[PDB]
Amino acid sequence: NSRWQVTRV
Amino acid sequence: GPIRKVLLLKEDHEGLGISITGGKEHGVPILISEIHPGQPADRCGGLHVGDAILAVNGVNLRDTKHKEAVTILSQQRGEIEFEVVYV
């Protein structure tokens, strides 16, 4: 899909 | 606006205290999407939601996939220089 990844670092 | 260089200090075991989004596969920069309260980025200051991360400790992030930026950010130790610009 078009959705972006989001990641906590 | 202006490009800023900001230093983050943390213990080895701490996270940076930021969430990032974007990346090359989405056609957009690595963007900060959250600053988590009380964590190193919030305590040290100078990093904000909507900042694009251009480089971290001298390592260019401008053409990285999302997971590549996650890796480079996750490998940081105790002193971390961010080069950021608000877009």
# chains A, B, ... in the order shown; residues from 1 in each chain; ligands from 1
>>> closest_atom_pairs(of="chain A", to="segment 73-84 of chain B", cutoff="12 Å", atoms="only C-alpha atoms", output="JSON lines")
{"residue": "A:7", "atom": "CA", "partner": "B:74", "partner_atom": "CA", "distance": 10.6}
{"residue": "A:8", "atom": "CA", "partner": "B:74", "partner_atom": "CA", "distance": 9.6}
{"residue": "A:9", "atom": "CA", "partner": "B:74", "partner_atom": "CA", "distance": 6.2}
>>> write_last_selection(atoms="N, CA, C and O atoms", output="short mmCIF file (atom, residue, chain, number, x, y, z; two decimals), in the first residue's frame")
data_model
loop_
_atom_site.label_atom_id
_atom_site.label_comp_id
_atom_site.auth_asym_id
_atom_site.auth_seq_id
_atom_site.Cartn_x
_atom_site.Cartn_y
_atom_site.Cartn_z
N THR A 7 8.76 3.87 12.90
CA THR A 7 9.60 3.07 13.77
C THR A 7 10.14 3.94 14.89
O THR A 7 10.67 5.03 14.63
N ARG A 8 10.05 3.44 16.12
CA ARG A 8 10.64 4.10 17.28
C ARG A 8 12.07 3.61 17.48
O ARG A 8 12.33 2.41 17.48
N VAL A 9 13.00 4.55 17.65
CA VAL A 9 14.39 4.21 17.91
C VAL A 9 14.92 5.00 19.11
O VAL A 9 14.24 5.89 19.64
#
>>> select_by_dssp(residues="chain B", states="strand (DSSP E)", output="short mmCIF file (atom, residue, chain, number, x, y, z; two decimals) with N, CA, C and O atoms, in the first residue's frame")
data_model
loop_
_atom_site.label_atom_id
_atom_site.label_comp_id
_atom_site.auth_asym_id
_atom_site.auth_seq_id
_atom_site.Cartn_x
_atom_site.Cartn_y
_atom_site.Cartn_z
N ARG B 4 20.56 22.51 11.11
CA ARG B 4 21.11 22.55 12.45
C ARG B 4 21.89 21.27 12.72
O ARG B 4 21.56 20.20 12.20
N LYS B 5 22.94 21.39 13.52
CA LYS B 5 23.69 20.25 14.03
C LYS B 5 23.53 20.22 15.54
O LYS B 5 23.87 21.19 16.23
N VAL B 6 22.98 19.12 16.05
CA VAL B 6 22.54 19.00 17.43
C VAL B 6 23.11 17.71 18.01
O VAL B 6 23.17 16.69 17.32
N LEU B 7 23.55 17.77 19.26
CA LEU B 7 24.17 16.62 19.92
C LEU B 7 23.18 15.98 20.88
O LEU B 7 22.54 16.67 21.68
N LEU B 8 23.05 14.66 20.79
CA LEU B 8 22.25 13.88 21.72
C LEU B 8 23.20 13.04 22.56
O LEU B 8 24.14 12.45 22.04
N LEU B 9 22.96 13.03 23.87
CA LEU B 9 23.75 12.24 24.82
C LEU B 9 22.83 11.22 25.48
O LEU B 9 21.73 11.58 25.91
N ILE B 18 13.02 8.92 19.66
CA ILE B 18 12.34 9.49 18.50
C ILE B 18 11.69 8.37 17.72
O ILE B 18 12.14 7.22 17.75
N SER B 19 10.60 8.69 17.04
CA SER B 19 10.04 7.83 16.01
C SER B 19 10.27 8.50 14.67
O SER B 19 10.17 9.73 14.55
N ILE B 20 10.63 7.71 13.67
CA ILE B 20 10.89 8.24 12.34
C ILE B 20 9.92 7.61 11.35
O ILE B 20 9.42 6.50 11.56
N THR B 21 9.68 8.32 10.25
CA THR B 21 8.90 7.80 9.16
C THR B 21 9.59 8.19 7.85
O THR B 21 10.70 8.74 7.85
N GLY B 22 8.95 7.88 6.73
CA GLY B 22 9.54 8.17 5.44
C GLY B 22 10.62 7.18 5.04
O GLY B 22 10.76 6.10 5.60
N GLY B 23 11.38 7.57 4.03
CA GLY B 23 12.44 6.74 3.49
C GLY B 23 12.33 6.61 1.98
O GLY B 23 11.32 6.92 1.37
N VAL B 28 10.42 10.01 0.14
CA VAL B 28 10.46 11.15 1.05
C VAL B 28 11.64 10.99 2.00
O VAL B 28 12.15 9.88 2.20
N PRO B 29 12.09 12.09 2.60
CA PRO B 29 13.21 12.00 3.54
C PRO B 29 12.84 11.18 4.77
O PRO B 29 11.68 10.89 5.05
N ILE B 30 13.88 10.82 5.52
CA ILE B 30 13.67 10.35 6.88
C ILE B 30 13.16 11.52 7.71
O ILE B 30 13.86 12.53 7.88
N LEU B 31 11.93 11.41 8.20
CA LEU B 31 11.25 12.46 8.93
C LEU B 31 10.99 12.01 10.36
O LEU B 31 10.56 10.88 10.58
N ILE B 32 11.22 12.90 11.32
CA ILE B 32 10.83 12.64 12.70
C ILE B 32 9.32 12.78 12.82
O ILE B 32 8.75 13.81 12.44
N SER B 33 8.67 11.74 13.34
CA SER B 33 7.22 11.76 13.49
C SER B 33 6.76 11.88 14.94
O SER B 33 5.60 12.22 15.18
N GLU B 34 7.65 11.62 15.91
CA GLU B 34 7.32 11.78 17.32
C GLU B 34 8.61 12.00 18.11
O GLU B 34 9.64 11.40 17.79
N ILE B 35 8.54 12.86 19.12
CA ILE B 35 9.58 13.01 20.13
C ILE B 35 9.00 12.51 21.45
O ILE B 35 7.99 13.04 21.92
N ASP B 51 11.15 17.51 11.41
CA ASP B 51 12.54 17.60 10.97
C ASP B 51 12.86 16.44 10.04
O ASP B 51 12.50 15.29 10.31
N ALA B 52 13.56 16.75 8.95
CA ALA B 52 14.20 15.72 8.14
C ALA B 52 15.59 15.47 8.70
O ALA B 52 16.32 16.42 9.02
N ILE B 53 15.98 14.20 8.83
CA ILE B 53 17.31 13.86 9.32
C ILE B 53 18.22 13.69 8.11
O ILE B 53 18.07 12.74 7.34
N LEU B 54 19.16 14.62 7.94
CA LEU B 54 20.05 14.56 6.79
C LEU B 54 21.22 13.62 7.06
O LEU B 54 21.69 12.94 6.14
N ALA B 55 21.71 13.59 8.29
CA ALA B 55 22.87 12.78 8.61
C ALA B 55 22.91 12.55 10.11
O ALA B 55 22.38 13.35 10.89
N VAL B 56 23.49 11.42 10.50
CA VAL B 56 23.64 11.08 11.91
C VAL B 56 25.08 10.65 12.13
O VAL B 56 25.59 9.77 11.42
N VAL B 59 26.97 10.29 8.99
CA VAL B 59 26.53 9.30 8.02
C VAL B 59 25.30 9.83 7.29
O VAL B 59 24.26 10.08 7.92
N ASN B 60 25.41 9.97 5.98
CA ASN B 60 24.32 10.49 5.15
C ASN B 60 23.10 9.58 5.21
O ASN B 60 23.18 8.37 4.96
N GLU B 79 27.16 9.30 22.19
CA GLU B 79 27.13 10.67 21.68
C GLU B 79 26.72 10.59 20.22
O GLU B 79 27.31 9.84 19.45
N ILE B 80 25.70 11.37 19.85
CA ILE B 80 25.12 11.25 18.52
C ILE B 80 24.86 12.65 17.99
O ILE B 80 24.02 13.37 18.53
N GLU B 81 25.56 13.02 16.92
CA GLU B 81 25.36 14.32 16.29
C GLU B 81 24.33 14.17 15.17
O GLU B 81 24.52 13.36 14.26
N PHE B 82 23.25 14.94 15.26
CA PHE B 82 22.22 14.94 14.24
C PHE B 82 22.36 16.18 13.38
O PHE B 82 22.58 17.28 13.91
N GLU B 83 22.24 16.01 12.08
CA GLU B 83 22.12 17.12 11.15
C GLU B 83 20.69 17.11 10.63
O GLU B 83 20.28 16.16 9.95
N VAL B 84 19.92 18.14 10.98
CA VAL B 84 18.48 18.15 10.73
C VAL B 84 18.08 19.48 10.10
O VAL B 84 18.75 20.50 10.25
N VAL B 85 16.94 19.46 9.42
CA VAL B 85 16.36 20.68 8.87
C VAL B 85 14.85 20.54 8.89
O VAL B 85 14.31 19.48 8.55
N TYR B 86 14.17 21.57 9.33
CA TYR B 86 12.70 21.51 9.34
C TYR B 86 12.21 21.75 7.91
O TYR B 86 12.61 22.62 7.24
#
>>> closest_residue(among="B:46, B:27, B:37, B:17", to="residue 4 of chain A", atoms="only C-alpha atoms")
B:27
>>> atom_distance(atom1="atom CA of residue 6 of chain A", atom2="atom CA of residue 38 of chain B")
19.8 Å
>>> atom_distance(atom1="atom CA of residue 15 of chain B", atom2="atom CA of residue 1 of chain A")
28.8 Å
>>> atom_distance(atom1="atom CA of residue 14 of chain B", atom2="atom CA of residue 70 of chain B")
14.9 Å
>>> select_by_dssp(residues="chain B", states="helix (DSSP H, G or I)", output="list in words")
residues 24, 25, 26, 40, 41, 42, 43, 44, 66, 67, 68, 69, 70, 71, 72, 73 and 74 of chain B
>>> residues_around(residues="residue 24 of chain B", least_positions_apart="3", cutoff="6 Å", atoms="only C-alpha atoms", output="list in words")
residues 27, 63, 64 and 65 of chain B
>>> write_last_selection(atoms="N, CA and C atoms", output="compact mmCIF listing (two decimals), in the first residue's frame")
# COMPACT_ATOMS: atom_id res chain seq x y z
N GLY B 27 9.68 7.72 -1.29
CA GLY B 27 9.99 8.94 -2.01
C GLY B 27 10.15 10.17 -1.15
N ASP B 63 19.48 9.13 1.22
CA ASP B 63 18.99 8.17 0.23
C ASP B 63 18.91 6.77 0.81
N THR B 64 18.49 6.67 2.07
CA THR B 64 18.36 5.39 2.75
C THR B 64 16.91 4.92 2.69
N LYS B 65 16.73 3.60 2.58
CA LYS B 65 15.42 3.04 2.85
C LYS B 65 15.08 3.23 4.32
>>> decode(residues="segment 48-85 of chain B", atoms="N, CA and C atoms", output="CSV table (one decimal), in the first residue's frame")
chain,number,residue,atom,x,y,z
B,48,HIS,N,12.8,17.7,16.5
B,48,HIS,CA,11.4,18.0,16.6
B,48,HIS,C,10.7,17.2,15.5
B,49,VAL,N,9.4,17.0,15.7
B,49,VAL,CA,8.5,16.4,14.7
B,49,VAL,C,8.5,17.3,13.4
B,50,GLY,N,8.7,16.7,12.3
B,50,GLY,CA,8.7,17.4,11.0
B,50,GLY,C,10.2,17.8,10.6
B,51,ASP,N,11.2,17.5,11.4
B,51,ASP,CA,12.5,17.6,11.0
B,51,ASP,C,12.9,16.4,10.0
B,52,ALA,N,13.6,16.7,9.0
B,52,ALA,CA,14.2,15.7,8.1
B,52,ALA,C,15.6,15.5,8.7
B,53,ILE,N,16.0,14.2,8.8
B,53,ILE,CA,17.3,13.9,9.3
B,53,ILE,C,18.2,13.7,8.1
B,54,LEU,N,19.2,14.6,7.9
B,54,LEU,CA,20.0,14.6,6.8
B,54,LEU,C,21.2,13.6,7.1
B,55,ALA,N,21.7,13.6,8.3
B,55,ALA,CA,22.9,12.8,8.6
B,55,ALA,C,22.9,12.5,10.1
B,56,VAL,N,23.5,11.4,10.5
B,56,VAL,CA,23.6,11.1,11.9
B,56,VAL,C,25.1,10.6,12.1
B,57,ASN,N,25.8,11.3,13.1
B,57,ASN,CA,27.2,11.1,13.3
B,57,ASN,C,28.0,11.1,12.0
B,58,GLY,N,27.7,12.0,11.1
B,58,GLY,CA,28.4,12.1,9.8
B,58,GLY,C,28.0,11.1,8.8
B,59,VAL,N,27.0,10.3,9.0
B,59,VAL,CA,26.5,9.3,8.0
B,59,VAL,C,25.3,9.8,7.3
B,60,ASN,N,25.4,10.0,6.0
B,60,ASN,CA,24.3,10.5,5.2
B,60,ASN,C,23.1,9.6,5.2
B,61,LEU,N,21.9,10.2,5.5
B,61,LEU,CA,20.7,9.4,5.5
B,61,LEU,C,19.8,9.8,4.4
B,62,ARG,N,20.2,10.7,3.5
B,62,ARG,CA,19.2,11.2,2.5
B,62,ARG,C,18.8,10.2,1.5
B,63,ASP,N,19.5,9.1,1.2
B,63,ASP,CA,19.0,8.2,0.2
B,63,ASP,C,18.9,6.8,0.8
B,64,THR,N,18.5,6.7,2.1
B,64,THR,CA,18.4,5.4,2.7
B,64,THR,C,16.9,4.9,2.7
B,65,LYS,N,16.7,3.6,2.6
B,65,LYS,CA,15.4,3.0,2.8
B,65,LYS,C,15.1,3.2,4.3
B,66,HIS,N,13.8,3.1,4.6
B,66,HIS,CA,13.4,3.3,6.0
B,66,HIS,C,14.2,2.4,7.0
B,67,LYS,N,14.3,1.1,6.6
B,67,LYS,CA,14.9,0.2,7.5
B,67,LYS,C,16.4,0.4,7.6
B,68,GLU,N,17.0,1.0,6.6
B,68,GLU,CA,18.4,1.4,6.6
B,68,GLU,C,18.7,2.5,7.6
B,69,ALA,N,17.8,3.5,7.6
B,69,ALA,CA,17.9,4.6,8.6
B,69,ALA,C,17.7,4.0,10.0
B,70,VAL,N,16.7,3.1,10.2
B,70,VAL,CA,16.5,2.5,11.5
B,70,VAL,C,17.7,1.8,12.0
B,71,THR,N,18.4,1.1,11.1
B,71,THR,CA,19.6,0.4,11.5
B,71,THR,C,20.7,1.3,11.9
B,72,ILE,N,21.0,2.4,11.1
B,72,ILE,CA,22.0,3.3,11.4
B,72,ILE,C,21.7,4.1,12.7
B,73,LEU,N,20.5,4.4,12.9
B,73,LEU,CA,20.1,5.1,14.1
B,73,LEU,C,20.2,4.1,15.3
B,74,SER,N,19.9,2.9,15.1
B,74,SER,CA,19.9,1.9,16.2
B,74,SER,C,21.3,1.5,16.7
B,75,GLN,N,22.3,1.7,15.8
B,75,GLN,CA,23.7,1.3,16.1
B,75,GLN,C,24.4,2.4,16.9
B,76,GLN,N,23.8,3.6,17.2
B,76,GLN,CA,24.4,4.6,17.9
B,76,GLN,C,24.8,4.2,19.3
B,77,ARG,N,25.8,4.8,19.9
B,77,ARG,CA,26.2,4.5,21.3
B,77,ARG,C,25.9,5.6,22.2
B,78,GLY,N,26.8,6.5,22.6
B,78,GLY,CA,26.5,7.4,23.6
B,78,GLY,C,26.4,8.9,23.2
B,79,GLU,N,27.2,9.3,22.2
B,79,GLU,CA,27.1,10.7,21.7
B,79,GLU,C,26.7,10.6,20.2
B,80,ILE,N,25.7,11.4,19.8
B,80,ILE,CA,25.1,11.2,18.5
B,80,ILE,C,24.9,12.6,18.0
B,81,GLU,N,25.6,13.0,16.9
B,81,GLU,CA,25.4,14.3,16.3
B,81,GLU,C,24.3,14.2,15.2
B,82,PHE,N,23.3,14.9,15.3
B,82,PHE,CA,22.2,14.9,14.2
B,82,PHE,C,22.4,16.2,13.4
B,83,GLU,N,22.2,16.0,12.1
B,83,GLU,CA,22.1,17.1,11.1
B,83,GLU,C,20.7,17.1,10.6
B,84,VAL,N,19.9,18.1,11.0
B,84,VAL,CA,18.5,18.2,10.7
B,84,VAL,C,18.1,19.5,10.1
B,85,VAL,N,16.9,19.5,9.4
B,85,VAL,CA,16.4,20.7,8.9
B,85,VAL,C,14.8,20.5,8.9
